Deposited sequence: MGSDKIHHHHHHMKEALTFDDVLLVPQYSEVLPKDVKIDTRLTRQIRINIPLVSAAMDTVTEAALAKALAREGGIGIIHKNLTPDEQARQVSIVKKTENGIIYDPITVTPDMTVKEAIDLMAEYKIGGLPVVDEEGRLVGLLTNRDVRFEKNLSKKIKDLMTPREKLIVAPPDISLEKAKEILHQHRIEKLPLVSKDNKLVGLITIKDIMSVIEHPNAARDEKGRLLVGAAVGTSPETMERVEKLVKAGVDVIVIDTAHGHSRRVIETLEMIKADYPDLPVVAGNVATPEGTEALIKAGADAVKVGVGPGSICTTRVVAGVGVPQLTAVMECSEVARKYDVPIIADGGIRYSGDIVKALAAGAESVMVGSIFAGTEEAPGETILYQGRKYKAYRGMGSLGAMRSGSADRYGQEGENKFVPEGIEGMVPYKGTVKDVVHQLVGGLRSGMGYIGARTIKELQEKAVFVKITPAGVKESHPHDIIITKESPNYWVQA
């Protein structure tokens, strides 16, 4: 029986460095055809990403994936808002933009009967990337949806996932995925693990999947179990070219819910798909990105990596108890 490792099981060994954190480059591929300026993708969750968060993150150089708990019309409207965003431009020099100068944005679809309806409307709204957003990417329905989307929109970037195995990554690449999203049961106490008994710890899932994907020059997006900026360094070091994060952005000003005051503390009142909640307020997307990017830069500094590609080439991990 194989042991599989999570981010918390490992540490990166410091290496010889000639580069300061401020001078490392953190630009990366989202898909084989889309570049983002920082390696951060926001989760297609109804507590995380609508237009306001998506634009706030594109402006910082990442990309938001608009969630699909919306009618196809309203999801398209959200994409449009991001697409139709001069000091405002000058002040955001890292902003991730398309070939026309508009902020990048993505949208999630599933594999249900409205899927093509949704795709069509998202495309016409100017969406840059479609994410086939499912917990079980290695499945007939996801493969066929991917092939249908690809047959109809050959030039449309498609992220497919989620998977956690080399075979799953290869199947999705062979079917036309422009990036593969990795993460099945990441997070020790998540629903999939507890309810289904299913998962692959995320360090191992990233390393084995990225090894297959590299053979095809397809980028891996590591989705899930990112709690700390140190997890991003680890995920990217393990072979991911970007990381999708949810819970971390759920506490920002721009996340969908309401900001409230409770007993001297600021919270972000959540409301998803129903379920309701309240997470600590963490500031703006900008603040959160700054800390995360700060930590990424410092990890890269420690490893002497000038670029994300170098980080992966220079990565030496050790397992800890």
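Chemist: Please list, in sequence order, every stretch of the deposited sequence that lacks C-alpha coordinates.
Modeler: Those parts of the chain that were deposited but carry no coordinates are 1 to 12, 98 to 208, 397 to 421, 470 to 494.
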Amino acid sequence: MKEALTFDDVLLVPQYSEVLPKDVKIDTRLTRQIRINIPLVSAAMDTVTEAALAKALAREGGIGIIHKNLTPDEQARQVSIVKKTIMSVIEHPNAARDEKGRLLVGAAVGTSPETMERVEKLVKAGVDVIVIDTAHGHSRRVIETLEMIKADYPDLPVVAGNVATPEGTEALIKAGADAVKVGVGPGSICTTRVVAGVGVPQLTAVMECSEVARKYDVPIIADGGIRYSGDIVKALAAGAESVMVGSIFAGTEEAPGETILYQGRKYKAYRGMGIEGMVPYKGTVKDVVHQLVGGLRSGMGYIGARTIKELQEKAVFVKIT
From here on, numbers count along this sequence of modelled residues.
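Chemist: Please compare 210 to 218 with 87 to 95 and name the stretch with the higher mean C-alpha B-factor in the deposited structure.
Modeler: Result: 87 to 95.
Chemist: Between 114 to 122 and 236 to 244, which has the larger average Cα B-factor in the PDB entry?
Modeler: So the stretch with the higher mean C-alpha B-factor is 114 to 122.
Chemist: When you compare the CA B-factors of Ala43, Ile275, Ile26, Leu30 as listed in the entry, which one comes out on top?
Modeler: Out of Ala43, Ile275, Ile26, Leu30, the record gives the largest C-alpha B-factor to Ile275.
Chemist: Can you tell me which of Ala171, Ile130, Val198, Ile189 has the maximum CA B-factor listed in the PDB entry?
Modeler: Of the candidates given, the C-alpha B-factor peaks at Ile189.
Chemist: When the modelled residues of the chain are sorted by Cα temperature factor, does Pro72 land in the lowest, middle or highest third?
Modeler: Highest third.
Chemist: Going by the recorded CA B-factors, say which third of the chain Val318 sits in, lowest, middle or highest.
Modeler: For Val318, the deposited C-alpha B-factor lands in the lowest third.
Chemist: Determine, from the deposited record, the chain-internal third of the Cα B-factor for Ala58: lowest, middle or highest.
Modeler: Lowest third, going by the recorded CA B-factors of the chain.
Chemist: Looking at the temperature factor on the CA atom of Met1, which third of the chain's modelled residues does it land in?
Modeler: It belongs to the highest third of the chain when residues are ordered by C-alpha B-factor.
Chemist: Would you please rank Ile38 by its C-alpha temperature factor against the other modelled residues of its chain and give the third it falls in: lowest, middle or highest?
Modeler: It falls in the bottom third of the chain.
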